[PDB]
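Enquirer: I have a structure here, written as structure tokens, and I will follow up with some questions on it.
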Amino acid sequence: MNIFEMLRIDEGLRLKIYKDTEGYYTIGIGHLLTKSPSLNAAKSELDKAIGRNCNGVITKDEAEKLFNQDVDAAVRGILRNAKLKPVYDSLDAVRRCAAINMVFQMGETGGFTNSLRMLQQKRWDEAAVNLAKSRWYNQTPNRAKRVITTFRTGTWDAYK
Ligand SMILES: C=CCCc1ccccc1
């Protein structure tokens, strides 16, 4: 298991524009296209992202390339953020995947100051409790539980 397998499980794969859990136009392996309610706006974002006129549909290869880019962008958002980088560097490799997963889902900016401190301190049970007191956990509880279990245990048990 690695960050790609983990997020592929959490996000699935759809080759036609769909709506995510917040109602936002998305494609591929959880690639957000736009928060605008306009499908035409989403289709324009898609064509720009892929480099061809897609008509709202992509190939598996294109979805996987977008996914690589998106995982890379999440890692970079961590490494460029003065609050996130020190915590990320303090984690082992499995827990680093949980961190990337959260940034992929909610963005580098997207209130976890106290959870970050507990993670840096390696207070895993306390961090797990604090992470669940969130809109994130309430709105996507099964995915949040898998990510939190990864932070709590440092194992892939929730995914296996
Ligand atoms: C768990 C809170 C936010 C995700 C994260 C965690 C640790 C390091 C970087 C990002």
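Residues in the structure tokens are numbered from 1 in each chain, the chains being A, B, ... in the order shown, and ligands are numbered from 1 in the order shown.
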Which residues are near ligand 1 in this structure, taking near to mean any atom at most 6 Å from a ligand atom and counting only C-alpha atoms and all ligand atoms? Format them as a tab-separated table (two decimals) with N, CA, C and O atoms, in the first residue's frame.
Expert:
```
chain	number	residue	atom	x	y	z
A	78	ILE	N	1.87	20.61	1.13
A	78	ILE	CA	2.41	20.30	2.45
A	78	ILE	C	3.81	20.88	2.60
A	78	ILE	O	4.11	21.58	3.57
A	84	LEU	N	2.39	22.82	8.01
A	84	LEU	CA	2.21	21.42	7.68
A	84	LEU	C	3.53	20.67	7.56
A	84	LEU	O	3.64	19.53	8.03
A	87	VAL	N	5.17	18.96	10.74
A	87	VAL	CA	4.40	17.81	11.19
A	87	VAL	C	4.58	16.64	10.22
A	87	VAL	O	4.82	15.50	10.63
A	88	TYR	N	4.48	16.92	8.93
A	88	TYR	CA	4.66	15.88	7.92
A	88	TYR	C	6.02	15.21	8.05
A	88	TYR	O	6.13	13.98	8.03
A	99	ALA	N	-1.71	12.01	5.85
A	99	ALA	CA	-1.61	13.46	5.73
A	99	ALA	C	-1.85	13.92	4.30
A	99	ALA	O	-2.58	14.89	4.05
A	102	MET	N	-5.62	13.71	3.43
A	102	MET	CA	-6.42	14.84	3.88
A	102	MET	C	-6.22	16.07	3.01
A	102	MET	O	-7.18	16.79	2.72
A	103	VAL	N	-4.97	16.36	2.65
A	103	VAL	CA	-4.70	17.55	1.84
A	103	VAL	C	-5.30	17.40	0.46
A	103	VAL	O	-5.84	18.36	-0.12
A	112	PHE	N	-7.22	22.52	11.72
A	112	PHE	CA	-6.70	21.34	12.40
A	112	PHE	C	-5.42	21.62	13.19
A	112	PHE	O	-4.63	20.70	13.41
A	115	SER	N	-5.03	19.22	16.10
A	115	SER	CA	-4.72	17.87	15.64
A	115	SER	C	-3.28	17.77	15.17
A	115	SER	O	-2.60	16.77	15.43
A	116	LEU	N	-2.80	18.80	14.45
A	116	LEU	CA	-1.43	18.80	13.98
A	116	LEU	C	-0.45	18.73	15.13
A	116	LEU	O	0.54	18.00	15.06
```
Enquirer: Quick one: residues within 9 Å of residue 21 of chain A, only C-alpha atoms counted, chain neighbours fewer than 3 positions away excluded, as a VMD selection string?
Expert: chain A and resid 24 139 to 140
Enquirer: Take the selection from the previous step and output its residues with N, CA and C atoms, as an mmCIF file, in the first residue's frame.
Expert:
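File out31.cif, as written:
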```
data_model
loop_
_atom_site.group_PDB
_atom_site.id
_atom_site.type_symbol
_atom_site.label_atom_id
_atom_site.label_comp_id
_atom_site.auth_asym_id
_atom_site.auth_seq_id
_atom_site.Cartn_x
_atom_site.Cartn_y
_atom_site.Cartn_z
ATOM 1 N N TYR A 24 -19.924 19.116 -6.304
ATOM 2 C CA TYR A 24 -19.036 19.825 -7.216
ATOM 3 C C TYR A 24 -18.617 18.919 -8.366
ATOM 4 N N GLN A 139 -19.265 14.641 7.635
ATOM 5 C CA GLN A 139 -19.787 14.600 6.274
ATOM 6 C C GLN A 139 -19.292 13.393 5.485
ATOM 7 N N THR A 140 -18.053 12.945 5.696
ATOM 8 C CA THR A 140 -17.546 11.726 5.065
ATOM 9 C C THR A 140 -16.989 10.806 6.145
#
```
Enquirer: Going by DSSP on the backbone, which bits of segment 96-126 of chain A are helix (DSSP H, G or I)? Write them as a count of residues only, please.
Expert: 22
Enquirer: Give me the residues within 12 Å of residue 37 of chain A as a list in words, counting only C-alpha atoms and dropping any in the same chain fewer than 2 places off.
Expert: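 Counting only C-alpha atoms, the residues come to residues 19, 22, 23, 24, 25, 26, 33, 34, 35, 39, 40, 41, 42 and 43 of chain A.
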Enquirer: Hey, what's within 8 Å of segment 69-73 of chain A if we count only C-alpha atoms and toss same-chain stuff fewer than 5 positions away? As a PyMOL selection string, please?
Expert: chain A and resi 4+31+100+104
Enquirer: Would you kindly return, as an MDAnalysis selection string, each protein, DNA or RNA residue with an atom no farther than 12 Å from any atom of residue 158 of chain A, considering only C-alpha atoms and excluding same-chain residues fewer than 6 positions away?
Expert: chainID A and resid 1 6 9:10 94 98 142:152
Enquirer: For residue 89 of chain A, find every residue with an atom within 10 Å (counting only C-alpha atoms), except residues of its own chain fewer than 3 positions away, and show them as an MDAnalysis selection string.
Expert: chainID A and resid 78:79 84:86 92:93 96 120
Enquirer: Please produce an output containing C-alpha atoms for each residue in the selection, written as a JSON list (two decimals), in the first residue's frame.
Expert:
```json
[["chain", "number", "residue", "atom", "x", "y", "z"],
["A", 78, "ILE", "CA", 2.41, 20.30, 2.45],
["A", 79, "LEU", "CA", 6.09, 20.97, 1.79],
["A", 84, "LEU", "CA", 2.21, 21.42, 7.68],
["A", 85, "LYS", "CA", 5.80, 20.61, 6.69],
["A", 86, "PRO", "CA", 7.25, 20.13, 10.22],
["A", 92, "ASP", "CA", 6.50, 7.78, 9.45],
["A", 93, "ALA", "CA", 5.78, 6.76, 5.85],
["A", 96, "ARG", "CA", 2.48, 10.58, 5.77],
["A", 120, "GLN", "CA", 3.68, 15.96, 15.92]]
```
Enquirer: Can you pull out the residues contacting residue 60 of chain A? Cut-off 12 Å, using only C-alpha atoms, and skip same-chain residues under 5 positions away; I want them as a short mmCIF file (atom, residue, chain, number, x, y, z; two decimals) with N, CA, C and O atoms, in the first residue's frame.
Expert:
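See out.cif below for the written result:
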```
data_model
loop_
_atom_site.label_atom_id
_atom_site.label_comp_id
_atom_site.auth_asym_id
_atom_site.auth_seq_id
_atom_site.Cartn_x
_atom_site.Cartn_y
_atom_site.Cartn_z
N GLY A 12 -12.27 6.25 -5.91
CA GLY A 12 -12.82 5.54 -7.05
C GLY A 12 -12.25 6.04 -8.38
O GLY A 12 -11.28 6.81 -8.44
N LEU A 13 -12.88 5.58 -9.45
CA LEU A 13 -12.51 6.01 -10.80
C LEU A 13 -13.77 6.14 -11.63
O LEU A 13 -14.51 5.17 -11.79
N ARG A 14 -14.01 7.34 -12.16
CA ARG A 14 -15.12 7.58 -13.07
C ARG A 14 -14.61 8.39 -14.25
O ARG A 14 -13.91 9.40 -14.06
N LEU A 15 -14.94 7.95 -15.46
CA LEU A 15 -14.39 8.55 -16.67
C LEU A 15 -15.24 9.67 -17.24
O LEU A 15 -14.81 10.35 -18.17
N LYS A 16 -16.44 9.88 -16.71
CA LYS A 16 -17.35 10.95 -17.12
C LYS A 16 -17.51 11.90 -15.93
O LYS A 16 -17.47 11.48 -14.77
N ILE A 27 -14.00 14.64 -11.93
CA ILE A 27 -13.80 13.56 -12.89
C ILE A 27 -12.62 12.70 -12.45
O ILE A 27 -11.80 13.11 -11.62
N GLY A 28 -12.54 11.50 -13.01
CA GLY A 28 -11.36 10.68 -12.82
C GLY A 28 -11.31 10.10 -11.43
O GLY A 28 -12.30 9.55 -10.92
N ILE A 29 -10.13 10.19 -10.81
CA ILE A 29 -9.89 9.75 -9.44
C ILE A 29 -9.98 10.97 -8.53
O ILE A 29 -8.98 11.45 -8.01
N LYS A 65 -3.05 10.10 -15.15
CA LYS A 65 -2.10 11.20 -15.21
C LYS A 65 -2.55 12.39 -14.37
O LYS A 65 -1.74 12.98 -13.64
N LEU A 66 -3.83 12.76 -14.47
CA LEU A 66 -4.36 13.81 -13.59
C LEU A 66 -4.14 13.45 -12.13
O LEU A 66 -3.78 14.30 -11.32
N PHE A 67 -4.36 12.17 -11.79
CA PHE A 67 -4.19 11.71 -10.41
C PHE A 67 -2.75 11.88 -9.93
O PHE A 67 -2.51 12.36 -8.82
#
```
